Amino acid sequence: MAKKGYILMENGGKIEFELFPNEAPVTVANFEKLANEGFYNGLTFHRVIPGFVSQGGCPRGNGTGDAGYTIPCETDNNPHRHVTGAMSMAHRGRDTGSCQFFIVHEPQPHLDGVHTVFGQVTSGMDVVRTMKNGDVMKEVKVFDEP
C-alpha cells in the first residue's frame, strides 16, 4: 500500500508528490487528513528558498493553522534524508510537529535527519525553484495509490 497527492498552486503551478507511510505512518496519515479537508487551501510558503529548500504551511502567512495534529521526531523505519524533492514535516523534537512542511529542490546533507521526511516530490519540482516568497497553495489533495 502507498499514497500520493499534489499541490496545486494559486499561480497556476503544480507540484506532484508521493508519500511514504513506511517513512512515517503518522505524519503521512495526518498530512493526508488535512489535505483532503482542504486545510492547506489558502496556506502559503512563508520561507521560500529558490533552488534549495522551501518551507510553507502558514494560513495566509498567519504562522500556524489549527491542524490539531502534533508529532514527534521520527527516524523509523526509513532514513529521513533531505535529498532531491524530499518533503519533511517541521518540528524540533518530541511532540513539536504541526502542519508546516518543507520541499527540497537541492539536497541538503545538513538537514538529513533534522526533520521527519514523509513524502517526496516526483514532478513539478521546478515550481519550487521558481516559487515566490509567500506563494499561495490553492488545492492540496492526497489519495491512495499502491
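The trypsin sites (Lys or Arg not before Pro) of the stretch 64-146 that DSSP puts in a loop, and whose beta carbon has at most 13 other beta carbons within 10 Å, are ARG92, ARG94, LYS132. Taking other C-beta atoms within 10 angstrom as a stand-in for reagent exposure, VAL83, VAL53 fall in the order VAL83, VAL53, fewest first. The ranking of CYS58, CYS73, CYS99 from fewest to most other beta carbons within 10 Å of each one's beta carbon is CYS73, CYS58, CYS99. Placing a label point 7 Å from the Cα of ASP76 along the Cα-to-Cβ line, the residues of the stretch 1-25 whose backbone N sits under 15 Å from it are 22-25. A simple spin-label model places the labels of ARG129 and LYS141 2.8 nm from each other, with each point 7 Å out along Cα-to-Cβ. Extension gain, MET1 to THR122: 0.36 nm times the residue separation minus the Cα-Cα distance gives 41.8 nm. Take every Cα pair under 8 Å whose residues are at least 6 apart in sequence, average their separation, divide by the length of the chain, and the relative contact order is 38 percent. Answer rounded, prolate or oblate for the stretch 21-63, using the Cα gyration tensor with square roots of eigenvalues a ≥ b ≥ c: rounded when a/c is under 1.5, else prolate when a/b is larger than b/c, else oblate. Since a/c reaches 1.5 but b/c is at least a/b, the shape of the stretch 21-63 is classed as oblate. The helix-based estimate of mean residue ellipticity at 222 nm for the chain, built from -39,500 (n - 2.57) per DSSP H run of four or more residues and divided by its residue count, is -2500 deg cm²/dmol to the nearest 500. Label separation (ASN36 vs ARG94): 3.1 nm, computed from points 7 Å beyond Cα along the C-beta direction.
With θ set to phi - 60° and the Karplus curve 6.51 cos²θ - 1.76 cosθ + 1.60, what are the ³J(HN,Hα) couplings of the stretch 58-69 in order, to the nearest whole Hz, using x for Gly and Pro? Using θ = phi - 60°, the values come out as 10, x, 6, x, 9, x, 10, x, 6, 5, x, 10 Hz.
Is the C-alpha gyration tensor of the stretch 45-117 telling us rounded, prolate or oblate? Criteria: a/c under 1.5 is rounded; beyond that, a/b larger than b/c is prolate, otherwise oblate. The shape class here is oblate.
Please work out the C-alpha center-to-center distance from the stretch 9-39 to the stretch 56-116 and express it in whole Å. Using only Cα atoms, the two centres lie 12 Å from each other. Just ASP95, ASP126, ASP135 to compare: in a GNM of the chain, with alpha carbon springs under 10 Å, which one fluctuates most? Of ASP95, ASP126, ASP135, the Gaussian network model singles out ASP95 as fluctuating most. Among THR130, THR27, the order by Cβ neighbours within 10 angstrom, fewest to most, reads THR130, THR27. With the Cα gyration tensor of the chain giving a ≥ b ≥ c as the square roots of its eigenvalues, does the rule (a/c under 1.5 for rounded; else a/b larger than b/c for prolate; else oblate) give rounded, prolate or oblate? Cα axes put the chain in the rounded bin.
No lab work stands behind these numbers, since they all come straight from the coordinates. A quick note on method: Cβ atoms are made from the backbone with ideal geometry, for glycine too, and the neighbour counts reach across all protein chains shown.
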